[PDB]
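Results of the structural survey
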Amino acid sequence: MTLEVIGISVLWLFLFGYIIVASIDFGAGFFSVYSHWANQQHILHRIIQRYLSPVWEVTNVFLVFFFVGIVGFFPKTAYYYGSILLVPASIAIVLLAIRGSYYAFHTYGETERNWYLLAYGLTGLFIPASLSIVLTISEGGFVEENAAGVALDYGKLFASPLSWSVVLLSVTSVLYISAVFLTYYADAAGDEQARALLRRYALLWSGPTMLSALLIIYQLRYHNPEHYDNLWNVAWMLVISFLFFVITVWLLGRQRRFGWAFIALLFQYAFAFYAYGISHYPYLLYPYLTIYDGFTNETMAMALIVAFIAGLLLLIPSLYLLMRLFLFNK
Amino acid sequence: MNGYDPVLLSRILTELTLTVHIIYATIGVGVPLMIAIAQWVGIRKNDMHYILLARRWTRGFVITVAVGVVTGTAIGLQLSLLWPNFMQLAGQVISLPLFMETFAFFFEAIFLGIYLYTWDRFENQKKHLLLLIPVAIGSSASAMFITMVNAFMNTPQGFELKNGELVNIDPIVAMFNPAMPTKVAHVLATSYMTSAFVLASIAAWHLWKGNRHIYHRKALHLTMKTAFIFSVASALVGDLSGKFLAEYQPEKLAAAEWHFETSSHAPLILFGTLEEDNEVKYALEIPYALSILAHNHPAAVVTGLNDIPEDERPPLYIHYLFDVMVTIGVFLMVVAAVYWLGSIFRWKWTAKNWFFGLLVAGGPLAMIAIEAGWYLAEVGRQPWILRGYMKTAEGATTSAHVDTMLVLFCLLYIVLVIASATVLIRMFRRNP
Amino acid sequence: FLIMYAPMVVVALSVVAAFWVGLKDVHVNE
Ligand code: HDD
Ligand code: HEB
Ligand code: HEB
């Protein structure tokens, strides 16, 4: 079952790899939506959305690579997670449908280009939550409560102090990450707003996000003590992440070389997410959804890993080349 | 019915998703080929009107692609959602190809994005042909890998059943199953074809009305000829897949052709009406094909449907789809075979509306034949999954969620299709 | 073997025939 731990280990970084670009796109198609709510200029939406969408295309690749990969190593999730996660999925898919529909229609439709930015305001934020519900429940329970497992009313597990902690772990960090990426290449004199909003979202990161990193710890004490213990065993990674965040913040406060702000951000939320994963491992919500349950044939595990390599080997250089077409300086 | 309604509602929803997916897909498969070919013709002929049709197509190929994507994501997610216990077993074996589809799509999407954003910057047309070759390759690569799923779903193996648990998986045995060739082939052909008639149905619309002979006659002249070819090949691989069925899974074919009785020389049917419970009405039938030049021996005994268990047989309302699909096949091949022949290289009938109308109907007819065909091949399938795989009746989850989400999705897709059609017309009327 | 391989062949042929149209009765004709 080593390959089965490596698989999830990589797919987690597919989910992270998604988080990276999805943060930028969902921050863009939202911040840009407000900043162009005032004066819905088709010139600016045309010039913007000529290059914004490709990112959003790249996102779904991470997303689906993850979604399709995970079930190769763990079909039992496709049983349980599939059978449970009946509604949030469809909603997320509606929100995506809306996103993409208008990403397409806007390209050659100035009527939608201005009015259906509303939809980007909606979805660009609504999506992060709609994933965060599954990310939440993946460390929660459908018939998994305290003393020895009481059947739960899934309709009332929406409102909880641990879920909104994940909503904050997401939204605010989407905002922050996006703002940092926008700031990094903010090669203009009008980049003062980006760093102020980025400062607000950095303060949201130090607060609500790194707050929620502890809300989860102080929810797990009463919820899942094993996960709490693991998370204390990888809290030093959340520390490292906070320090990297402090580095990105230092770059915010001072110099123009935000490459180190992006590397520091990268390693920051990379480890803040990678620990957040590690602690949850090695298992997937249930004691029946532990990595080695429903043992699969491991050749296609190697083949799938080869496919994930082949995937990343495009996903990363697509962006590395996307960041050489905008430079041509080598 | 709290875990049996979904047996039907799920099927219904999935149909409603994927049925939409394919409209925005086989275009994704066939168009890029056509674009590559248009570019290549423009280049080889030094006629910078084909080179304009390449991009003129691409500019909507984008919008098609995106609507394709969202519906793709939809079905992708709906997969293990609506059918958990299915993926609980087969997920281990399906996981790879499904991935390879979208991987091949991203690989094509890179180069598509390059051509899309370098044709307006960097040098030379060949160097934009070389960017459009990988695209169509990646497209057909999608189809290859994704169809291998359906091909596999239709037929094992690459697995073993430990009291229900599916293990001992060989990738390429499951991927390269007996069905894979005919599926991949027929799907690729009947998708080059479709889009080939779809572009002809633009050229024949624009040429019919505001007769800008300019592009619109060249467009037709090419698209129609290629469409002819693709329909021919399509029909061939159709006969091939039919023979495959007759040999390997006559449950479908005997339901398509209503051969309840096993016989040597067994007649095919052009159209009829047998209501589910033996009510032979319209009866127009010809002697047997898939034996004389297929098996090379007319008296090759075709398996009868009676010889299949009635819990293992699919419906009898499959025949109608074969009728549709095939007849559209032949008719459309004839229209295509005449256009270039009679209406260009003989009696100059191009400018006649008698063609332009039919050629406007052309693409829509093909897409229809697509949906039909998929219904045929897929609905002959419902009562096998419950056996060598796992009970379809024990593949779904809950009811009072599906019924509503089905309608939500229904609305959503309704909006998608309409809006996409609208914008995708608007663009063409803007004339960029 | 022949009829299991054949389809993809037929396809591969149809493709480069579909190309060959662009050289035969497109470039040097009509
Ligand atoms: C109304 C007809 C109909 C019905 C009842 C179904 N489907 Fe479907 N299916 C088609 C009609 C269809 C289609 C909608 O027309 C598709 C979508 C993809 C395609 O090319 O045809 C097809 C293809 C298709 C493929 C193609 C894979 C590929 O070649 O890339 C898969 C894996 C499925 N379906 C899965 C299902 C499952 C698991 C069903 C549950 C019973 C199901 N379909 C019911
Ligand atoms: C052959 C035909 C076909 C088919 C059958 C299919 C079948 C299918 N599919 Fe598909 N796709 C396609 C064709 C197709 N397809 C295409 C072409 C594409 C590209 C885009 C569009 O659509 O246009 C896709 C795309 C896509 C996607 C997206 C990806 C990204 O974003 O990255 C997805 C998710 C999916 C899923 C799916 C599924 C699940 C299925 C079932 C199995 N797709
Ligand atoms: C569109 C156009 C088209 C066309 C023309 C056609 C034409 C034809 N076809 Fe087809 N199909 C189709 C489209 C089509 N198609 C489809 C879509 C389908 C589904 C998928 C597959 O392939 O499977 C089919 C399917 C199918 C089948 C089944 C397969 C399986 O299941 O495996 C068969 C047998 C046939 C035959 C045939 C023929 C014989 C012909 C002659 C004409 N098809």
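Here, residue numbers run from 1 along each chain following its sequence as written; these need not agree with the numbering used in the entry, and residues that have no coordinates do not appear. Here chains are named by letter from A upward and ligands by number from 1 upward, in the order in which they appear as written. Remark: hydrogens and water are excluded; side-chain values derive from all non-hydrogen atoms of the structure.

What the deposited record gives as its method is X-ray crystallography, and the resolution it gives is 3.80 Å.

For this structure, the PDB header gives the title as "The structure of bd oxidase from Geobacillus thermodenitrificans".

For the record, the criterion: UniProt positions are given in the numbering used here, feature names are shortened, and annotations may be inferred rather than shown by experiment.
With the PDB entry as reference, chain B is termed Bd-type quinol oxidase subunit I, source organism Geobacillus stearothermophilus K1041. Checking UniProt for chain B, the heading Sequence similarities (unreviewed entry) contains the comment "Belongs to the cytochrome ubiquinol oxidase subunit 1 family." Turning to chain B, the UniProt annotation filed under Subcellular location (unreviewed entry) states: "Cell membrane".

1. Looking at the arrangement of the chains
Let me state the cut-off plainly: The contact criterion used throughout is that any non-hydrogen atoms of two residues lie within 4.5 Å.
Counting contacts across all two pairs of chains found in contact, the highest total belongs to chains A and B. Across the gap from chain A to chain C, with no contact made, the nearest C-alpha atoms are 24 Å apart.

2. Let's talk about the coordination of the iron atom of ligand 3
All names here are of chain B. The cut-off we apply is this: Ligating atoms shown are N, O and S within 2.8 Å of the metal, or 3.2 Å for Na, K and Ca, and water is not included, meaning a site may look less than complete. Square planar and octahedral assignments, for four and six donors respectively, both demand that opposite donors be over 155 degrees apart and that all other angles lie between 65 and 115; tetrahedral needs four donors with all angles between 85 and 135 degrees, and anything else is irregular. Helix and strand assignments follow DSSP, with helices taken as H or I runs no shorter than four residues and strands as E runs no shorter than two, numbered in order from the N terminus.
Around the iron atom of ligand 3, the protein contributes the donor atoms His 186 (NE2) and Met 325 (SD), at 2.3 to 2.4 Å from the metal centre. Here the iron atom of ligand 3 binds six donor atoms, and the angle range of 72 to 177 degrees at the metal identifies the geometry as irregular. Pair noted here: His 186 is in helix α7 (residues 180-208) and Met 325 is in helix α10 (residues 319-342), with a separation of 139 residues, a long-range link.

3. A few points about the interface of chain A and chain B
Heads up, the condition is: By buried area we mean the combined loss of accessible area, with a 1.4 Å probe, across both parts when two parts are placed together. Salt bridges are identified by distance alone: a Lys or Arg side-chain nitrogen within 4 Å of an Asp or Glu carboxyl oxygen. Two N or O atoms count as a polar contact when they lie within 3.5 Å, although within protein this holds only if one can serve as hydrogen donor and the other as acceptor, and sequence-adjacent residues are included solely when both atoms are side-chain atoms.
Taken together, the 54 residues of chain A in the interface contact 52 residues of chain B. Where chain A abuts chain B, roughly 4900 Å² becomes buried across the two surfaces, and 75% of that area is made up of carbon and sulfur atoms. A per-residue breakdown of the area chain A buries against chain B is headed by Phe 105, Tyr 108 and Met 300 of chain A, which together make up 15% of the total. Inspection of the chain A/chain B interface yields four salt bridges. Two residues, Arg 430 of chain B and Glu 110 of chain A, come together in a salt bridge whose shortest N-O distance is 2.7 Å. Seen at the junction of chain A and chain B, the total is eight residue pairs in polar contact. Within the residue set of the side of chain A that touches chain B, elements represented by two or more residues are α2 (42-73), α3 (75-84), α4 (86-107), α5 (110-115) and α12 (299-325) of chain A.

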